[PDB]
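# Structure at a glance
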There are 2 protein chains.
Amino acid sequence: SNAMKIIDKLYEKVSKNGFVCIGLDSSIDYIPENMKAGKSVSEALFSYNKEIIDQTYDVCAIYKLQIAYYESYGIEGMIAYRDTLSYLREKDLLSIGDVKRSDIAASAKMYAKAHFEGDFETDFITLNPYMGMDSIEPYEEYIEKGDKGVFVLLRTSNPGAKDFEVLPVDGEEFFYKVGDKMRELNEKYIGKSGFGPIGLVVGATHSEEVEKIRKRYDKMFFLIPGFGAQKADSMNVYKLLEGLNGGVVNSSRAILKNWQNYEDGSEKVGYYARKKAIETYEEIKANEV
Amino acid sequence: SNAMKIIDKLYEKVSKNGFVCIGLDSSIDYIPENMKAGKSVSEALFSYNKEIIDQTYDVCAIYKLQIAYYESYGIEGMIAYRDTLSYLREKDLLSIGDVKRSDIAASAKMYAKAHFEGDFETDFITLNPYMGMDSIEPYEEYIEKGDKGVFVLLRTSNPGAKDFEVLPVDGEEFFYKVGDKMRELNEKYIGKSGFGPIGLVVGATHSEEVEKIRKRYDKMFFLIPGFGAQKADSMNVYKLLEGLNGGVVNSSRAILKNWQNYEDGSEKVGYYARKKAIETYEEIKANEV
């Protein structure tokens, strides 16, 4: 019965908890003075994440950690990163290491060891495919065993996407060349759920495009990095899902900083993170017709 | 003496010490038993790096650290990374953090803080431009100050480069769109040397192409990630230099493991690293007519 492959576990989690991905992109700047009082940077970051995790574990499918925030704090940040990941793995919870690494061959094998084992072990990592299939192939050793997944950059919604991602190659955007290669790799590893563990990072761009990408890559999970505050934005996110599944939608700052909007927030960081996580799911789902 | 801007400092280092970049892509597997006995992973990696640095600092322009090797050892690896970078700075030597980071906007600003300040501060980093100009622009705050530079992936010589880097856009390779954008940004910051701090990562592919790239991007410094053992390989690298400057050529394992080839290697790690660093410069320079 219970899912074995990590992609099936994620599908399971999305079915049970909804498609929200909570982004623990944590900063000391976000933490109440009373909670950071007396603590080192590593203790403060970990305590804040723990407070959030404990109140949100059943209202999101997965947590994502933008490792840049932890690297910005040096060794103390990396200690918090390790402690958070260990805590997640203890609580039976899923993690994405948002690392977007770029390397090939031996250096990629070292990142695979760094992020799929040991201190920085996560269930999924994000990967940049610029250097070609030998920036993805070295991770297959892990993916083939069934316990680790990747999300590969495809098409993001930032203004810089207009510089390279969308350039015409043979009558279609560049990024489709990347996507189609991952699509054929993914086919080797399809799980019980009908999805494989080679996913794509896809931003909510505009209606026509999100529907085309969703349909073209219907057996890959989408990591949606975030979304804006306007009505078209949540509709476009909704359109990157298939039956409220097949994707997770990241929310970082809105969740991490929600306590700052309430007079009693300093004492209820996790409660207010929870309130936002729930609202996010409800917002996106309300697009259903 | 003299140069203020970091690119002019690199130019001067290449002028004095030659174009070799030493790749401290260190592994516990490369360290003699006598050197790691009684040491934690962080102590062993740093002691090993110091031994190499102490014997090679006048026979290379700069040291490059592939951070994946350090990330593979978790916190201990990050401590050795920190300590190595600090020692290099203490000794008035240059470093490149080979991190090939991908992120944009606030996450890119976090990576800039991570790698241009504090525990993991280096003089140059590598960057992957896939997500567009907003994956480069956030680092400009540092580049503008004169002390930090970057090397942006352009065209690498791995088999995977055939997948995406070379795809036709407007009748020439995709990577030229990238290089042309970096060229224009570089112009803003040209140093006294005639080069600017926005460089490129360029592999030694084949003769016609290395010549074309060297000429098109004549005011940008090249980081050459490595080269093979055949005659054509050293000549193609030589063709990526301008008057024995304008680039550095990385050599990692050959230098790090050279001690392994001699009966007395175990007590002479730095000595044999030095031997190989010198031989590397000679192999390339032998192509000059």
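Residues numbered from 1 in each chain as written, not as in the entry; some residues may be left out. Chains lettered and ligands numbered in written order. Heavy atoms only, no water. Residues with missing side-chain atoms left out of burial classes, pairs and counts.

Going by the header, the method for this PDB entry is X-ray crystallography, and the resolution given is 1.8440 Å.

## Considering the UniProt feature "active site" (unreviewed entry) in chain A
Residue and element names in this part refer to chain A. Put simply, the rule is: UniProt positions are given in the numbering used here, feature names are shortened, and annotations may be inferred rather than shown by experiment. A run of DSSP states H or I qualifies as a helix once it reaches four residues; a run of E qualifies as a strand once it reaches two. Both are numbered from the N-terminal end. Definition of a polar contact: a pair of N or O atoms within 3.5 Å, with one able to donate and the other able to accept a hydrogen when the atoms are protein atoms, and with sequence-neighbouring residues admitted only if both atoms are side-chain atoms.
Listed under "active site" (unreviewed entry) in the UniProt record, and renumbered for this structure, are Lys100. Within the fold, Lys100 resides in strand β3 (residues 95-101). Side-chain polar atoms of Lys100 contact the side chain of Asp98, separated by 2.8 Å.

## Notes on the sheet that holds strand β5 (residues 149-155) of chain B
All names here are of chain B. Put simply, the rule is: By definition, two strands form a pair when at least two bridges between them are found by DSSP. Angles shown run from 0 to 180 degrees and are taken between the N-to-C directions of axes, each axis being a line fitted to C-alpha atoms and, for helices, limited to the stretch in contact. In this analysis, two residues are considered to be in contact whenever any of their non-hydrogen atoms come within 4.5 Å of each other.
Around the barrel, 8 strands lie side by side as β1-β2-β3-β4-β5-β8-β9-β10; this closed barrel has parallel pairing. Neighbour to neighbour, the strand axes of the sheet diverge by 30 degrees on average, direction disregarded. Contacting β2 (62-66), β4 (124-127), β5, β8 (196-202), β9 (220-224) and β10 (247-251), helix α1 (residues 6-17) crosses the sheet at an angle of about 60 degrees to β9.

## Let's talk about the environment of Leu127 of chain B
All names here are of chain B. Within the fold, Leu127 resides in strand β4. Considered as a pair, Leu127 and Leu153 are 26 residues apart in the sequence and their alpha carbons are 6.4 Å apart. Discounting chain neighbours no more than four positions away, the residues touching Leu127 are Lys100, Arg101, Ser135, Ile136, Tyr139, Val150, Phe151, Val152 and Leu153.

## Brief notes about the layout of surface pockets
As a reminder of what qualifies: Within this scheme a cavity is a closed region of a 1 Å grid, computed over the protein atoms alone, that accommodates a 1.4 Å probe without allowing it to escape, whereas a pocket is open but has protein on both sides within 12 Å along at least five of seven lines; lining residues each have an atom within 4 Å of a point. Grid points are joined across faces, edges and corners, and a volume is the space filled by probe spheres set on the points. Residue type decides the class: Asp, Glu, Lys and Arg count as charged, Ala, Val, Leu, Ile, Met, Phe, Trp, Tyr, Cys and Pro as nonpolar, and the leftover types, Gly among them, as polar.
Looking at the largest pocket, its volume works out to about 1100 Å³. In terms of lining, the largest pocket is formed by 39 residues, of which the most central are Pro225, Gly226, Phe227, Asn250 and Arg253 of chain B. When residues of the lining of the largest pocket are traced back to their parent elements, those giving at least two are α6 (105-116) of chain A together with β2, β3 (95-101), α10 (231-238), β10, α11 (253-256) and α12 (269-285) of chain B. A class-by-class count of the residues in the lining of the largest pocket yields 14 nonpolar, 15 polar and 10 charged. Looking at the second largest pocket, it is lined by 35 residues, and the ones nearest its centre are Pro225, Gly226, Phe227, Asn250 and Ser252 of chain A. Of all the elements in the fold, those that place two or more residues in the lining of the second largest pocket are β2 (62-66), β3, β10 (247-251), α11 (253-256) and α12 (269-285) of chain A together with α6 (105-116) of chain B. In terms of residues, the lining of the second largest pocket owes the most to one element, α12 of chain A, which gives 4 residues.

## Brief notes about the UniProt feature "domain: Orotidine 5'-phosphate decarboxylase" (unreviewed entry) in chain A
According to UniProt, the "domain: Orotidine 5'-phosphate decarboxylase" (unreviewed entry) feature falls on residues 19-268 of chain A. In residues 19-268 of chain A, helix accounts for 37% and strand for 19%; the two terminal C-alpha atoms are 24 Å from one another.

## Overview of the packing of aromatic side chains
Given two aromatic rings, their pairing is described by the distance between the two centres and the angle made by the two planes. Defined as follows: Each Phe, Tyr or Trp ring (for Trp, its six-membered ring) is paired with any other whose centre lies within 6.5 Å, and the angle between the two planes then decides the class: stacked below 30 degrees, edge-to-face above 60, tilted in between. A ring is scored as having a charge over it whenever the NZ atom of a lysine or the CZ atom of an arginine sits within 6 Å of its centre and within 35 degrees of its normal.
A complete count under the given rule lists 29 aromatic pairs over all chains for this structure. Ring pairing ties together the aromatic residues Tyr130, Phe164 and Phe174 of chain A together with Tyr130, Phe164 and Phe174 of chain B, which thus form one cluster. Here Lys268 of chain A stacks its cationic end above the ring of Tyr271 of chain A, 5.4 Å away from the centre of that ring. Just above the ring of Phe222 of chain B sits the side chain of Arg214 of chain B; from NZ or CZ to the centre is 3.7 Å.

## Brief notes about the sheet that holds β10 of chain A
Neighbouring strands of a sheet are bound in pairs by backbone hydrogen bonds; such pairs are parallel or else antiparallel. Residue and element names in this part refer to chain A. Read around the barrel, 8 strands follow the order β1-β2-β3-β4-β5-β8-β9-β10 and close on themselves; strand pairing throughout is parallel. Averaged over all adjacent pairs, the angle separating strand axes in this sheet is 30 degrees, with direction ignored. Relative to β10, strand β9 (residues 220-224) is paired through 3 bridges, and the arrangement is parallel. Its bridge partner lying in β10, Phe222 is registered against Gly247.

## Considering unusual backbone geometry
Heads up, the rule is: Only protein chains enter the accessibility calculation, which uses a 1.4 Å probe; a residue is then buried when its area is under 20% of its type maximum, exposed when over 50%, and partly exposed in between.
A cis amide bond links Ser1 of chain B to the next residue, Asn2 of chain B, at an omega of -15 degrees. Note that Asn2 of chain B resides in the segment before α1. The phi dihedral of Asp170 of chain A falls on the positive side, at around 55 degrees, and the residue is not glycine. Examined against the element boundaries, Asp170 of chain A turns out to sit in the loop between β6 (168-169) and β7 (172-173). Given a relative accessible area of 60%, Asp170 of chain A falls into the exposed group.

## Brief notes about the interface of chain A and chain B
The cut-off we apply is this: Here the quantity called buried area is the accessible surface, traced with a 1.4 Å probe, that two parts lose on coming together, added over both. For this document, the term salt bridge refers to a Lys or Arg side-chain nitrogen within 4 Å of an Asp or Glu carboxyl oxygen.
Of the residues lining the interface, 56 residues belong to chain A; the matching set on chain B comes to 55 residues. A combined buried area of about 4600 Å² lies between chain A and chain B, and 64% of that area is made up of carbon and sulfur atoms. A per-residue breakdown of the area chain A buries against chain B is headed by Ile75, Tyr130 and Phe164 of chain A, which together make up 20% of the total. Taken together, the links from chain A to chain B amount to 4 salt bridges. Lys100 of chain A is paired through a salt bridge with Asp103 of chain B; the nearest N and O atoms lie 2.9 Å apart. Linking chain A to chain B there are 28 residue pairs in polar contact. Secondary-structure elements contributing two or more residues to the side of chain A that touches chain B are α4 (67-71), α5 (74-90), β3, α6, β5 (149-155), β6 and α8 (175-186) of chain A. In terms of residue count, the dominant contributor to the side of chain A that touches chain B is α6 of chain A (7 residues).

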